Amino acid sequence: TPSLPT
Amino acid sequence: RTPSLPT
Amino acid sequence: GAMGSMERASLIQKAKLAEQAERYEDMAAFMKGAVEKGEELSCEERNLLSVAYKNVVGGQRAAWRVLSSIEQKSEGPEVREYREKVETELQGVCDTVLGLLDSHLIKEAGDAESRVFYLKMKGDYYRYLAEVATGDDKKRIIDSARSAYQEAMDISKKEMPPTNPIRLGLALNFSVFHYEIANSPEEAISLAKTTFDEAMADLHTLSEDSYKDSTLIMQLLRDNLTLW
Amino acid sequence: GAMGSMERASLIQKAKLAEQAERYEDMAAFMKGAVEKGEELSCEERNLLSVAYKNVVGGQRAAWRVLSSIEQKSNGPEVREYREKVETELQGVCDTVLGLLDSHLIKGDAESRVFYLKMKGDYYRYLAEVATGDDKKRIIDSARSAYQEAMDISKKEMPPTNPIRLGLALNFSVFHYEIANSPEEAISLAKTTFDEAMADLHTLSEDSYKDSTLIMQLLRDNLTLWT
Ligand SMILES: [Cl-]
Ligand SMILES: [Cl-]
């Protein structure tokens with residue numbers, strides 16, 4: 001699952 | 001500048 | 001450290017040069033030196049700090065995942081050994097960042113925004129440690145991450161509006177922690193959902209730019225809710 | 001050193017893993033350890049050594065160019081200091097490579113001899129890029145001498161389509177143009193190399209044809225740039 005970019 | 005061998 | 005003899009202003013200047021040159025390890029070292037001068041950071045400076053270390057640890061995490069993938073598809077000991085080498089370096093960088101936050105960025109942060117920013121970073125870097133930790137160590141790290149994130153949540157709810165991008169990004173990362181690390185999908189979903197709804201309630205009060213900022217991160221929450 | 005207790009085969013294996021993870025500093029350190037075992041490198045291993053250090057010094061050169069540009073546009077001590085720091089690190093890596101070449105690698109077969117002498121020319125050329133004084137003159141002479149010895153061997157012992165020979169000619173012509181202030185010699189070398197390779201393509205398999213023509217295409221690109 002993606003966390004806050006970057 | 002002029003490109004050299006990239007490999 | 002090696003930066004003790006350099007002026008704070010010179011360290012910040014060189015951090016910005018390093019960024020332009022895409023020398024992120026140098027950038028992180030310069031910002032560590034600046035932090036260790038003992039003065040508070042401006043908003044611009046703590047974002048330089050965060051960018052530098054995010055790039056360094058990001059490269060290490062990506063390499064660790066490549067090697068871990070090769071290792072799991074594995075007949076010698078070399079893949080494990082090299083994965084462990086990268087792991088140890090990653091752990092060193094996370095320990096360095098956590099050390100800066102504990103000594104003494106968090107306690108000296110002079111406003112809510114900076115406190116939340118640093119506590120979120122603390123949760124994030126414990127989370128990166130948790131990704132490569134295993135046993136009782138992993139359980140201790142997970143509790144440490146949760147406590148940092150929760151303290152940040154408490155402050156953000158009391159001091160920031162529900163559409164504030166820092167508050168939204170904190171909730172995003174904390175919910176990722178719940179799902180990916182703490183094996184708590186219900187808490188992940190509950191947090192993302194509550195955050196989404198409470199932000200939506202206030203969207204009509206925002207300027208065009210703030211509406212854009214907030215709905216961008218709401219869509220990141222939404223992407224994860226869909227995935228979960 | 002730190003790789004002394006590791007098996008040669010393990011160092012090679014880890015170099016390949018490091019390449020997959022794009023960890024080129026690690027890759028270079030593993031290959032240096034392998035060279036220090038004292039056995040000759042295979043063709044594959046020579047390529048591992050080269051791509052590792054190519055990427056390390058490539059990053060340093062790009063950073064040096066950024067900082068140099070900022071410095072010349074400005075002309076505190078900070079920009080100069082940091083450019084100097086990067087420059088010193090770059091020189092250290094070039095000295096490491098040149099040391100490996102002279103102490104361990106440069107000695108039988110044309111393929112290896114030309115490969116290493118070309119490398120020696122390349123890394124002296126990278127030193128020349130950041131040099132200035134009479135120092136620069138000496139470094140330029142060292143690069144020229146290495147390239148010239150490689151050229152002499154390649155013309156006697158390799159066909160004109162040989163990819164090592166072609167890549168050598170490409171870089172020596174770049175040396176002439178960018179370092180030695182000899183654009184006419186650069187153009188002549190690229191042209192004769194291209195033309196002599198073209199005439200011999202008919203001897204090659206499909207795969208060898210592609211290997212050779214890709215480098216010929218680079219020669220043509222530089223010729224079109226220069227003329
Ligand atoms: Cl290792
Ligand atoms: Cl410096």
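Easy rule for this one: first residue shown is 1, then count along the chain.
Recorded method for this deposit: X-ray crystallography, 1.4 Å.
Using N, Cα and C of the backbone, Cβ positions are placed for all residues, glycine too.
If you look up the PDB entry, you'll see D:1-5 marked as expression tag.
Here Swiss-Prot flags D:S10 as phosphoserine, drawing on a large-scale study or a structure entry. Over all protein chains present, the Cβ of D:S10 (phosphoserine) has 18 other Cβ atoms lying within 10 Å.
Of all Cβ atoms in the shown protein chains, 17 besides its own fall within 10 Å of the Cβ of D:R61 (site 'Interaction with phosphoserine on interacting protein'). Here Swiss-Prot flags D:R61 (among others) as site 'Interaction with phosphoserine on interacting protein'.
Annotated site 'Interaction with phosphoserine on interacting protein' per Swiss-Prot: D:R125 (among others), in sequence order. Look at D:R125 (site 'Interaction with phosphoserine on interacting protein'): DSSP puts it in a helix. For D:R125 (site 'Interaction with phosphoserine on interacting protein'), applying a Cβ distance below 8 Å and a minimum sequence separation of six or more within one chain yields D:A143, D:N171, D:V174, D:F175, D:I179.
Taking the C-alpha positions, the distance from D:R61 (site 'Interaction with phosphoserine on interacting protein') to D:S10 (phosphoserine) comes to 30 Å. Among residues of the same chain six or more beyond the expression tag (D:1-5), those with a C-beta under 8 A of the stretch's C-beta atoms are 11, 29-30, 32-34, 36. In the deposited model, 2 residues between D:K107 and D:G108 are left unbuilt, and the Cα atoms of these two flanking residues are separated by 6 Å. In terms of DSSP secondary structure, the expression tag (D:1-5) contains 0 helix, 0 strand, 5 coil. Annotation: residues between D:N75 and D:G76 (7 in total) lack coordinates; Cα distance 11 Å.
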